[PDB]
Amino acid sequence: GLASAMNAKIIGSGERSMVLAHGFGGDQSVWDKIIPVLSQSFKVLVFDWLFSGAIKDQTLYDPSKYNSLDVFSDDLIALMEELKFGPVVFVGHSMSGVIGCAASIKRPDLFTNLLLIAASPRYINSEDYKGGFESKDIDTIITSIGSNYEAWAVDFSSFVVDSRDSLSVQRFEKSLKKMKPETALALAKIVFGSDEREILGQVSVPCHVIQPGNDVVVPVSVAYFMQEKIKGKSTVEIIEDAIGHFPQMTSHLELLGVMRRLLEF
């Protein structure tokens, strides 16, 4: 029953298969600008993660089940199996990047390539690793989500979406505001406090780390960290004029250029 709950759709035709997986607080409409071109060359699976505001039944998401990022890769594989879909080029935005990595370790046979878009294995800074945020900042984000959610959604969307693209800032604000605030909080704990650094060494499927030139959520060094740690073939592609965390919304032709180069279409 995962396909109906997750609003799963396969868009396009032909012998190439792709999955587009949205990130924190989003839904599948984040892909709207690039899905027309991609569907000319790929069968594209899009869906909403069960935390999304787009899920019709907002009571489905249980933080007791969703207590680590690991659980989402199980959902992904189950959905692909239910759809008899694969193997795929998996395109994962943000949290979905490491989710796709984990999925590829669980089922290497389902994943031909991984494209990670502004992905990070860890946001929290330590002595040996720079993720972009101090632990105290992550805690404050979460208490902000849990104190005045709507205000937080306005501030957060303005923080992480290219301020040159007001329409995209508003689209993401809208998506965030559709979330159940308790679900957003539960999710933020496991995403913003994640540590998936150790799984990278197990990734054997070819990987492409696509990184905005200036993203407050992911410092450039994280992209190069992932490339270094990933076992299989791996490249880093910087989109130099990309700002913020949503290049598929705010630098979409640049992103399609990179994808065309990487995937030869």
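All residue numbers refer to positions in the sequence shown, first residue = 1.
Chemist: Of the two stretches 63-71 and 193-201, which shows the higher Cα B-factor on average in the entry?
Modeler: Averaging CA B-factors over each stretch, the winner is 193-201.
Chemist: On mean C-alpha B-factor from the PDB entry, just flag whether 50-58 or 222-230 is the higher one.
Modeler: Taking the mean B-factor of the alpha carbons in each, 222-230 is higher.
Chemist: Go through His93, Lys174, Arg107, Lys130 one by one and give the residue whose Cα B-factor in the PDB entry is largest.
Modeler: Going by the entry's C-alpha B-factors, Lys130 comes out highest.
Chemist: According to the deposited entry, which of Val161, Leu187, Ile124, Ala78 has the largest Cα B-factor?
Modeler: In the PDB entry, the greatest C-alpha B-factor among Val161, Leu187, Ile124, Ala78 is found at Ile124.
Chemist: Quick one: classify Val216 as lowest, middle or highest third of the chain based on its Cα B-factor.
Modeler: It belongs to the highest third of the chain when residues are ordered by C-alpha B-factor.
Chemist: By the record's CA B-factor, is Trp152 among the lowest, middle or highest third of residues in the chain?
Modeler: Middle third by C-alpha B-factor.
Chemist: Check where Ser29 lands among this chain's C-alpha B-factors and tell me if it's the lowest, middle or highest third.
Modeler: Bottom third by C-alpha B-factor.
Chemist: With respect to C-alpha B-factor, does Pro87 fall in the lowest, middle or highest third of the chain as deposited?
Modeler: It falls in the middle third of the chain.
Chemist: Using the B-factors in the PDB entry, rank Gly23's C-alpha atom against the chain and give the third, lowest, middle or highest.
Modeler: Its C-alpha B-factor, which the entry lists for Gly23, ranks in the middle third among residues of this chain.
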